[PDB]
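Engineer: The following block contains the structure, expressed as structure tokens.
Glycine also receives a Cβ, built like all others from the backbone with ideal geometry; neighbour counts cover every protein chain displayed. Derivation of every value follows stated rules applied to the coordinates shown; laboratory data play no part.
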Amino acid sequence: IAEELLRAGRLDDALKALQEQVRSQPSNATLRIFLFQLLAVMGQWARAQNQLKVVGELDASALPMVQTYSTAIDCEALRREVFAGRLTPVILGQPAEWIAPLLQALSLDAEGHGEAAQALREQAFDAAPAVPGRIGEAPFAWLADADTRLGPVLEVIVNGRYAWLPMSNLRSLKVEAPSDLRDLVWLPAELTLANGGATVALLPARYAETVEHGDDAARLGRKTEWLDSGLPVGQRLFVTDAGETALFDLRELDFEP
Amino acid sequence: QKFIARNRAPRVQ
């Protein structure tokens, strides 16, 4: 029934049912792993972390997953602080001068200086190089996040750390379709950097405002939309000169300088 | 417009 409720996008109803199942079979690690993922979809971060902790104690073979997603949940708090203009994220790879105005714009937004923040973003965008490439086989002249607070920047979690990766530093990105429920929140990825470095990563798959301001459909990534505030919720969306591609429909992204 | 989504209508996914 919980799977059915989830399919229908009835998150609260699903949560009710699943917690009753766990209460009935408290030693069942499979149910608690389901519950952690559902809690994460709903943005109940501390309760999600609680379930992970219990899973690690019930099944020591799940401990690597537990470490990975416990730190991923920690990163969502860091995410909030970065977009609130209160924290500088880790920057991956070669330094990019135009990242600084992007970050400063977040601070200026926080202080109600939206026009000045807009000016800094316009400058950052102008300075960031248009790098051609392809999404699978489909060419583009440039690519960015539909979120103007990022533009040509990818949010990543690497080794449990929240970071910004300028797309100009990226050679290729590979992802698969989401498979587990937690993949709607953090999509596993392989990244190769232009200067050679390669690493596995998690990609925060929804916009940061989704948990608080989105509806159930948004939290499940079944829509992308912009709030009256001007901020996006729902599934991450990439835009190019030629079209747009939602994250869960991306498989391979290659840049060719 | 470089890096800009021209459309901000709600998207179905």
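Engineer: So, counting K/R as plus one and D/E as minus one, what does the shell of residues with Cβ under 15 Å around A:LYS174 add up to? Could you put the intermediate results ahead of the total?
Structural biologist: On the way: positive: A:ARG134, A:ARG171, A:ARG251; negative: A:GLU137, A:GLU176, A:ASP183, A:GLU190, A:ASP249, A:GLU252, A:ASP254.
Its environment carries a net charge of -4.
Engineer: To the nearest 10 degrees, how steep is helix A:45-58 against the longest Cα principal axis of chain A, on a 0 to 90 scale?
Structural biologist: It is inclined by approximately 60 degrees.
Engineer: To continue, here is another question. Could you give me the radius of gyration and the Dmax of region A:112-257, taking only the C-alpha atoms into account and expressing both in angstrom?
Structural biologist: Rg, Dmax (Cα atoms, Å): 15.0, 42.
Engineer: Using 7 Å Cα-to-Cβ label points, what is the A:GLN25/A:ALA116 separation (nm, one decimal)?
Structural biologist: Taking the simple label geometry, A:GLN25 and A:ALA116 are separated by 5.9 nm.
Engineer: Normalised by the number of residues in region A:1-85, what is the relative contact order in percent for Cα pairs under 8 Å and 6+ residues apart?
Structural biologist: Values: 64 pairs, mean separation 15.5, N = 85.
About 18 percent, as a whole number.
Engineer: Further question on the same structure: Once Rh for chain A is found with the Kirkwood sum over Cα pairs, what is the Stokes-Einstein diffusion coefficient at 25 °C and 0.890 mPa s, in µm²/s?
Structural biologist: Details: Rh = 19.1 Å.
Translational diffusion coefficient: 128 µm²/s.
Engineer: Report the FRET efficiency, 1/(1 + (r/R0)^6), for A:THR88 and B:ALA9, where r is their Cβ-Cβ distance and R0 is 30 Å, rounded to 0.05. Could the numbers behind the result be given before it?
Structural biologist: Numbers: r = 33 Å, r/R0 = 1.10.
According to the calculation, E is roughly 0.35.
Engineer: Output wanted: per-residue J couplings in Hz (rounded whole) for region A:91-99, from phi through Karplus 6.51 cos²θ - 1.76 cosθ + 1.60, θ = phi - 60°, x for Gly and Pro.
Structural biologist: Using θ = phi - 60°, the values come out as 9, 8, x, 4, x, 10, 3, 6, 5 Hz.
Engineer: Treat each spin label as a single point 7 Å out from the Cα along the C-beta direction, and report the A:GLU190 to A:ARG251 distance in nm.
Structural biologist: It works out to 1.4 nm between the two label points.
Engineer: A follow-up question, please. Please find the FRET efficiency linking A:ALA141 to A:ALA8, where r is the Cβ-Cβ separation and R0 is fixed at 35 Å, and quote it to the nearest 0.05.
Structural biologist: On the way: r = 41 Å, r/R0 = 1.16.
Efficiency for this residue pair is about 0.30.
Engineer: OK, next. For chain A, take the longest principal axis of its alpha carbons; what is the angle in degrees between that and the long axis of helix A:114-127, to the nearest 10 within 0 to 90?
Structural biologist: Approximately 70 degrees, to the nearest 10.
Engineer: Can you tell me the orientation of helix A:11-24 relative to chain A, as the angle in degrees between its alpha-carbon axis and the longest Cα principal axis, to the nearest 10?
Structural biologist: Roughly 40 degrees, rounded to the nearest 10.
Engineer: Regarding region A:1-85, what whole-number volume in Å³ per residue does the convex hull of its Cα atoms give? Display every interim value, and only then the final one.
Structural biologist: Values: hull volume 7.6 nm³, N = 85.
Looking at region A:1-85, the number lands at 89 Å³ per residue.
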